[PDB]
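Colleague: Take this structure, written in C-alpha cells, and hold onto it; I'll ask about it next.
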Ligand SMILES: [Zn+2]
Ligand SMILES: [Zn+2]
Ligand SMILES: [Zn+2]
Ligand SMILES: [Zn+2]
Ligand SMILES: [Zn+2]
Ligand SMILES: [Zn+2]
Ligand SMILES: [Zn+2]
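Chains as they are written, first to last, in the entry's author numbering: chain D, 1 to 73; chain C, 1 to 76; chain A, 512 to 718, 723 to 763, 766 to 772; chain B, 1 to 146.
What follows is the structure in C-alpha cells.
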C-alpha cells in the first residue's frame, strides 16, 4: 500500500508499506530512505502522536493517506 | 534595506524595501512572496497598526526590523 | 439563471460549484470562503457553507476552483493545525530558514538540522549561540545597536500581539469581549493571555469587582498596553543615550 | 461588495416576508452594515414590552458573523447590562457564511423564549431562573414594565 509522508518543509516522500506495519517499521523505512534517525522522527496522523508499538491499521491509516513528520533534538 | 515579515502561520520571510516605500507596496511584496491578499493582511510594528495611508518612514521601520501579520479577531 | 445561496448573485452552471449535498454556490464565493479560512479568521475544514449540510466541499471541487496558492496555503495551514493538535505549541522555526523542529522547551540550543542551514541560535532572542555564550539575551542585545533596536521593537510588539497556545498565531481584538476564539479552535483571555476553559474564567458580578479576582470580560487593555509600549520605548532611548559615547528613537510614533 | 449584494438581497427577502417577532426594521441603503429593529416577544415574561436592538455586520460579511446589541434594557440570564448577547449561532467558532439574518433572529427569539442558564452572562439571573422560574418571571415582568 502506498502512503505519503509530508515533512515540515513540504517534502512528500512516498512509502510502500502494509496496513499491518508498525510505526517503528515506518520510521525505519523513513530512515533508510532519507536518513532521518528514528529516535528523532515524530509521525502524526489526524493530530495523534503515532506510537512506535501501534500499527497502520490501529490508526486506520487508509490508502494514500498523509502523515505529518516532525523532528526532535 | 532588508526587513522581515512574520506570517500568520509563524514563518519568517525576507523582504527588500525602501524607507519611502508605502504600506501598499509592502503588502504587495508580501502577497508576491506568500500569496496573502493585501485586504486580509493586518500588519503590526512594535505594537502599532500599519495603515496604508502612511509609509514605512512614518513608523520608523529600519533595517532588519520584523513586521508581524496578526488576526483582527472580534470579541465574544 | 441559477442563484448562488451565499452571495445571492445569478450565474450559469459552468460558473458554479457544489458540495457532497449538491448545494450550489458561485466559484467566487467559494474562493472568498477559502480565503477567509486560510488567510483570515475561519475554520480549517472547508465545510459546506449551509448549516443543514454536515458534508463539505469535495477535494475535487477545491482543486478545480481554488487557485494554486490558496490550495497550497490551505494544505500548509492544515499541517500547522495538525502539529498544534499533536505537540501543542512547542514547535519552533529557525530564524534563518524557518525550518520547524521540536524541543522540550528546556534547552535553548536550536541547531537547525537542515544541511542548507545548520545555524545554532537561541530560541529566546533569536541570537547566535557562539556569541551568546557567557552572556544573557539582554547583554547580547546591548552589545550592538542592530540587536538592541530590534529587541526593543520585538518587546513593543509582544506587548500587544497575543499569541495562541495552540497554532502560535498572533491575535488582536478589534472590538467586543475579552474572550478570544482562535481560528484553530483554542480559547484564550485578552487580559491574562492564558488559555481559558470557557466563560467560567471571567467575572459575572455587575452590582470594581470585590467578590472574585477573575479577569473582566469587557475591560479594554488598550491603554495599559499602549502605556507599557511607550515606557519600553522611553527606557530604551534612555539606555541608548546612557551607554552611547556622545552618539545620537526605537519604534513608531506614540501619538 | 459581497456584503452589499448579500445584504440587499436579504433585505429584499425580508421586506417581502416580514418577520413575525422582528418589526420596524430600519436600514440606511447608504450603510447596509447597520440594521435597527424592534424585537416583539410572544410569551411571558417579556410579551408586555418590546426591545430595540441593533445588528452590526462586518465588512467581510457573510464570511464573518454579525454582532447583535440590545439598546433596551432586558432582564435575561444571557444578556448583560450593556445589551450584549452571546448568541451561539453567530459565534466566531460556529459561524457558517450561509446563515441568514432571519435564522439569526429566530435563534435570538428562541433564546429569549427559553434562557440557557447553564452558560450565562449574568450568573445571578441564571441561578434565579434555574431555582425558581416563577420568581424569575415575576422579576422579569416587572423589569419589562419598568
Ligand atoms: Zn456566491
Ligand atoms: Zn451542502
Ligand atoms: Zn535554520
Ligand atoms: Zn538568548
Ligand atoms: Zn490558535
Ligand atoms: Zn483572564
Ligand atoms: Zn466577581
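Note that the Cβ used here is the ideal one computed from N, Cα and C, for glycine as well.
Can you find the residues in the same chain that come closer than 7 Å, C-beta to C-beta, to residue 712 of chain A, ignoring five residues on each side of it along the sequence?
Modeller: 700, 729 and 730, listed in sequence order.
Colleague: Taking the alpha-carbon positions, what's the residue 63 of chain B to residue 592 of chain A distance?
Modeller: Their Cα atoms are separated by approximately 20 Å.
Colleague: State the CB to CB distance for the pair residue 64 of chain D and residue 3 of chain D, rounded to an integer number of angstroms; the pair is presumed to be in contact (CB under 8 Å).
Modeller: Contact flag correct, Cβ pair sits at about 7 Å.
Colleague: Using 7 Å as the cut-off, classify the Cβ of residue 675 of chain A as near or not near the heavy atoms of ligand 6, replying yes or no.
Modeller: Checking every heavy atom of ligand 6 against the Cβ of residue 675 of chain A, none is found closer than 7 Å.
Colleague: Give me the Cβ distance between residue 590 of chain A and residue 6 of chain D, rounded to the nearest whole Å; I'm assuming they're in contact under 8 Å.
Modeller: Contact flag correct, Cβ pair sits at about 7 Å.
Colleague: Quick one: measure Cβ to Cβ for residue 549 of chain A and residue 584 of chain A, integer angstroms, because I've assumed they're closer than 8 Å.
Modeller: Sure, about 5 Å apart at Cβ, within 8 Å.
Colleague: Applying the 10 Å Cβ sphere with the 16-neighbour rule, what's the burial state of residue 778 of chain A?
Modeller: Residue 778 of chain A lies beyond the stretch modelled for chain A, which goes from 512 to 772, so this question has no answer here.
Colleague: Using the beta-carbon of each residue, which ones in chain C are nearer than 7 Å to residue 686 of chain A?
Modeller: By Cβ distance, chain C contributes 74 and 75.
Colleague: Beta carbon of residue 76 of chain B: closer than 7 Å to some heavy atom of ligand 7?
Modeller: Not so, every heavy atom of ligand 7 lies at least 7 Å from the Cβ.
Colleague: Rounded to whole angstroms, what is the Cα-Cα separation between residue 24 of chain D and residue 30 of chain D?
Modeller: Their Cα atoms are separated by approximately 10 Å.
Colleague: Please tell me whether residue 98 of chain B and residue 560 of chain A are closer than 8 Å, where the distance is taken between their beta carbons.
Modeller: Yes, the pair counts as a contact, with Cβ atoms nearer than the cut-off.
Colleague: Taking the C-alpha atoms as reference points, what is the distance between residue 37 of chain D and residue 50 of chain D?
Modeller: The straight-line gap from Cα to Cα measures roughly 16 Å.
Colleague: Runs of 4 residues minimum, wholly inside the stretch 612–673 of chain A: which ones carry the alpha helix (DSSP H) assignment?
Modeller: Qualifying alpha helix (DSSP H) stretches, in chain order: 640–643, 648–653 and 656–669.
Colleague: Would residue 3 of chain B count as contacting chain C if we go by Cβ distances under 8 Å?
Modeller: False, the Cβ-Cβ gap to chain C never drops below 8 Å.
Colleague: What is the residue span of the beta strand (DSSP E) that residue 698 of chain A lies within?
Modeller: 698–700 is the extent of the beta strand (DSSP E) around residue 698 of chain A.
Colleague: Check whether the stretch 677–684 of chain A touches the stretch 65–73 of chain C, counting contact only when three or more Cβ pairs, one atom from each stretch, lie closer than 8 Å.
Modeller: These segments touch.
Colleague: Below 7 Å, is the gap between the Cβ of residue 682 of chain A and the nearest heavy atom of ligand 4?
Modeller: Incorrect: residue 682 of chain A has no Cβ contact closer than 7 Å to ligand 4.
Colleague: Using 8 Å as the limit for Cβ to Cβ distance, is residue 620 of chain A near chain C?
Modeller: So no, residue 620 of chain A is outside the interface.
Colleague: The stretch 43–63 of chain D: which residues have C-beta closer than 8 Å to a C-beta of chain A, in chain order?
Modeller: The residues in question are 44, 46, 47, 48 and 49.
Colleague: Buried or exposed, going by whether 16 or more other CB atoms sit within 10 Å of the CB of residue 59 of chain C?
Modeller: Its Cβ being crowded by 16 or more others within 10 Å, residue 59 of chain C is buried.
Colleague: Ends of the beta strand (DSSP E) at residue 56 of chain B?
Modeller: Taken as a continuous stretch (DSSP letters only), the beta strand (DSSP E) holding residue 56 of chain B covers 51–56.
Colleague: Quick one: give me the first and last residue of the alpha helix (DSSP H) that residue 8 of chain B is part of.
Modeller: Its alpha helix (DSSP H) spans residues 2–16.
Colleague: Would you mind giving the Cβ-Cβ distance between residue 608 of chain A and residue 628 of chain A, rounded to the nearest angstrom? I have them listed as a contact below 8 Å.
Modeller: About 4 Å separates the two Cβ atoms, so the contact holds.
Colleague: Which first and last residues belong to the alpha helix (DSSP H) in which residue 719 of chain A is found?
Modeller: A break in chain A separates 718 from 723, and the residue in question, residue 719 of chain A, sits inside that break with no coordinates.
Colleague: Using a Cβ cut-off of 7 Å, which residues of the stretch 589–618 of chain A contact any Cβ in chain C, in chain order?
Modeller: Within the stretch 589–618 of chain A, the residues whose Cβ lies closer than 7 Å to some Cβ of chain C are 591, 604, 606 and 609, listed in chain order.
Colleague: Check the Cβ of residue 71 of chain C against every Cβ in chain A and list those closer than 8 Å, keeping chain order.
Modeller: Within chain A, the residues near residue 71 of chain C are 551, 552, 680, 681, 682, 683, 693 and 694.
Colleague: Please confirm if residue 97 of chain B has its CB atom under 8 Å from at least one CB of chain A.
Modeller: Judged by the 8 Å Cβ criterion, residue 97 of chain B is in contact with chain A.
Colleague: Taking DSSP as the reference, what is the three-state secondary structure of residue 764 of chain A?
Modeller: Coordinates for residue 764 of chain A are lacking, as chain A steps from 763 to 766 with nothing built in between.
Colleague: Chain C partners of residue 729 of chain A, CB-CB under 8 Å?
Modeller: What residue 729 of chain A touches in chain C: nothing, since even the nearest Cβ is about 17 Å away.
Colleague: With a CB to CB cut of under 7 Å and the five nearest residues on each side skipped, what residues in its chain are close to residue 43 of chain B?
Modeller: So the qualifying residues of the chain are 113.
Colleague: Which residue wins for smallest C-alpha separation from residue 735 of chain A, given the options A:563, A:715, A:690 and A:531?
Modeller: Among A:563, A:715, A:690 and A:531, the Cα nearest to that of residue 735 of chain A belongs to A:690.
Colleague: Going by C-alpha distance, which of A:661, A:554 and A:670 is nearest residue 740 of chain A?
Modeller: When only C-alpha atoms are compared, the closest one is A:670.
Colleague: Whole angstroms are fine: how far does the CA of residue 538 of chain A sit from the CA of residue 531 of chain A?
Modeller: Spanning the two alpha carbons is a distance of roughly 15 Å.
Colleague: What are the boundary residues of the alpha helix (DSSP H) that includes residue 2 of chain C?
Modeller: Where residue 2 of chain C is concerned, there is no enclosing alpha helix (DSSP H), although the beta strand (DSSP E) it sits in stretches over 2–6.
Colleague: For ligand 3, is there any heavy atom lying closer than 7 Å to the beta carbon of residue 630 of chain A?
Modeller: Flag set: Cβ of residue 630 of chain A near ligand 3.
Colleague: With a threshold of 8 Å between beta carbons, is residue 92 of chain B in contact with chain C?
Modeller: Yes, contact with chain C.
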